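Just the structure for this:
(one chain, ligands or ions: 18)
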Amino acid sequence: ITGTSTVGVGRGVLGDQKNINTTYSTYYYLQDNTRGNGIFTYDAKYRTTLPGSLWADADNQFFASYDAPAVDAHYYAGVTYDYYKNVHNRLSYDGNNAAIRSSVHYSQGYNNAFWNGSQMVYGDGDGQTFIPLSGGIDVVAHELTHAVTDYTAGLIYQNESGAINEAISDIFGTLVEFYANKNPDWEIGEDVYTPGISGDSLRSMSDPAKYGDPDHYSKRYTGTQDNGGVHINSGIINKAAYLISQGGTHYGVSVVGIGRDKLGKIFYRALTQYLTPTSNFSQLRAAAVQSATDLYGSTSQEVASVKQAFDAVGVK
Ligand SMILES: O[C@@H]1[C@@H](O)[C@H](O)OC[C@H]1O
Ligand SMILES: O[C@@H]1[C@@H](O)[C@H](O)OC[C@H]1O
Ligand SMILES: O[C@@H]1[C@@H](O)[C@H](O)OC[C@H]1O
Ligand SMILES: O[C@@H]1[C@@H](O)[C@H](O)OC[C@H]1O
Ligand SMILES: [Ca+2]
Ligand SMILES: [Ca+2]
Ligand SMILES: [Ca+2]
Ligand SMILES: [Cl-]
Ligand SMILES: [Cl-]
Ligand SMILES: [Cl-]
Ligand SMILES: [Cl-]
Ligand SMILES: [Zn+2]
Ligand SMILES: [Zn+2]
Ligand SMILES: [Zn+2]
Ligand SMILES: [Zn+2]
Ligand SMILES: [Zn+2]
Ligand SMILES: [Zn+2]
Ligand SMILES: [Zn+2]
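Residues are numbered from 1 along each chain as shown. Ligands and ions are numbered 1, 2, ... in the order given. Below is the structure:
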């Protein structure tokens, strides 16, 4: 809508106060004019019709319980935009400042969130398995990163390519979480998963086997469920990424950690320059090694650590 750019205030899903960019025209709308072609957040009103109504508020204060998922969808879309622009010089998910549109209160008791090809969609959870999923910055950024992947490599969402697709989204979801300093960690979805259980998450990048996911190529899932194990076998790549950043010794292979910024630069270059729709784990290793070579030189520690990490998870 046309109006005046304003700054409102509210609380997110976890009860934390934050400022949000809004637009005033009779009502205050969740329309952020400060980022690209805009960030727009919508009320799906417990239906499955999308996008729903652009979120309108009478007083620019967003402290109602019903407001909280919208506050976080809107705010964390902005954080994700800032990460890709400031760290990778990428303008929105398509690199052309596409508007980022999000709908909250999708369906009833819906334990999921997704990028649908043109917008983000967030369920509210059933209150036992999940609370509203936009409360997790890593969820928001994980799903927006699927759009980045779609507009670049086009990784196919099955088998090894699909596991790489998932891992890329976990990697950048986590790097966004660290960028925001929003209680960062190397687990996924901890802020919105199982409110009655502390210390858990959907999966761990630092220790995938904590939840039974494989941390070595020899332990990969080879069946047909989950599109060939895309959320299971992602642990193999997630652990390699963790090792590249933080270092460690894994299955007897020592990895010299090079930090989060260099992890992000190596994988972003691999994703945008070298991966293809059917890249497998071995081809991802090659893309990461070449990316680190481009950035840091063939004799660099960074290249050596990429090789160590993929060795440690059994990917040649
Ligand atoms: O923490 C990371 C920071 O060090 C880097 O500069 O940008 C990405 C963040 O995840
Ligand atoms: O278990 C890991 C711990 O050893 C390290 O200190 O920080 C990250 C954790 O995942
Ligand atoms: O081949 C071994 C692999 O199967 C195991 O999982 O990790 C150590 C490797 O040496
Ligand atoms: O069966 C597939 C397996 O062959 C591959 O190695 O990893 C993904 C699986 O879906
Ligand atoms: Ca209000
Ligand atoms: Ca996390
Ligand atoms: Ca929990
Ligand atoms: Cl470990
Ligand atoms: Cl381990
Ligand atoms: Cl480790
Ligand atoms: Cl180990
Ligand atoms: Zn998802
Ligand atoms: Zn995903
Ligand atoms: Zn966290
Ligand atoms: Zn799955
Ligand atoms: Zn998923
Ligand atoms: Zn280990
Ligand atoms: Zn380890």
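
How much space separates the closest residue to ligand 15 within the stretch 1-150 of the chain from residue 65?
Relative to ligand 15, the nearest point of the stretch 1-150 of the chain is residue 112 (10.5 Å; Cβ to the ion). Bear in mind the C-beta positions are built from the backbone N, C-alpha and C, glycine included. Here residue 112 is placed at a distance of 20 Å from residue 65 (Cβ to Cβ, to the nearest Å).

out of those two, which sits in the busier spot?
More neighbours surround residue 112 than the other of residue 112 and residue 65, with 15 against 9 (other Cβ atoms under 10 Å).

Look up the closest residue to that one, ignoring the ones flanking it.
Nearest in space to residue 112, with sequence neighbours left out and distances taken as Cβ to Cβ, 6 or more residues apart in numbering, is residue 123 at 5.3 Å.

quick one: the one you found and residue 103 touch, right?
No: with contact defined as Cβ atoms under 8 Å, residue 123 does not reach residue 103; the gap is 10.1 Å.

Comparing these two, which residue is more hemmed in?
residue 103 (28 against 23).

Could you say which helix or strand holds residue 139?
Using DSSP states H and E, residue 139 maps to helix 137-150.

Likewise for residue 105?
strand 100-106.

next one: phi and psi at the residue in the stretch 101-250 of the chain positioned nearest to ligand 18?
Proximity to ligand 18, evaluated over the stretch 101-250 of the chain using Cβ to the ion, is greatest for residue 248 at 4.2 Å. In terms of degrees, to the nearest 10, the main-chain angles of residue 248 are phi 150, psi 180.

Break down this structure into its helices, ranges please.
Listed in chain order, the helices of the chain (DSSP state H) span 68-88, 137-150, 159-180, 225-229, 234-246, 260-269, 281-296, 301-312.

Of these, which stretch is the most buried?
Highest mean neighbour count of those: helix 234-246, a mean of 28 (counted as mean count of other Cβ atoms under 10 Å).

Now whatever residue of the stretch 101-250 of the chain ends up closest to ligand 4: closest residue in space that isn't a chain neighbour?
As assessed by Cβ to the nearest ligand atom, ligand 4 sits closest to residue 228 within the stretch 101-250 of the chain, at 2.6 Å. What sits nearest to residue 228 in space, not counting adjacent residues and going by Cβ to Cβ, 6+ apart, is residue 159, at 4.1 Å.

What residues does that neighbour make contact with?
Contacts for residue 159 were tallied using Cβ atoms under 8 Å, 6 or more residues apart in numbering; they are 227, 228, 229, 230, 280.

what's the residue in the chain positioned nearest to ligand 6 in contact with, if anything?
Taking Cβ to the ion, ligand 6 has its nearest neighbour within the chain at residue 138, 4.0 Å off. By Cβ under 8 Å, 6+ apart, the contact set of residue 138 is 170, 173, 174, 176, 177, 188, 189, 190, 191.

please redo it, this time with the cut-off set to 6 Å
Residue 138 makes contact with 173, 174, 177, 188, according to Cβ atoms under 6 Å, 6 or more residues apart in numbering.

of all those residues, which two lie farthest apart?
Distances among the contacts of residue 138 were taken as Cβ to Cβ; the most separated pair is 177 and 188, at 9.3 Å.

Please state the backbone phi and psi of residue 182?
phi -100, psi 80.

ok, the residue lying closest to it once chain neighbours are set aside to residue 25 distance?
Distance criterion Cβ to Cβ, 6+ apart; nearest residue to residue 182, sequence neighbours excluded, is residue 137 at 4.7 Å. According to Cβ to Cβ, residue 137 and residue 25 sit 29 Å apart.
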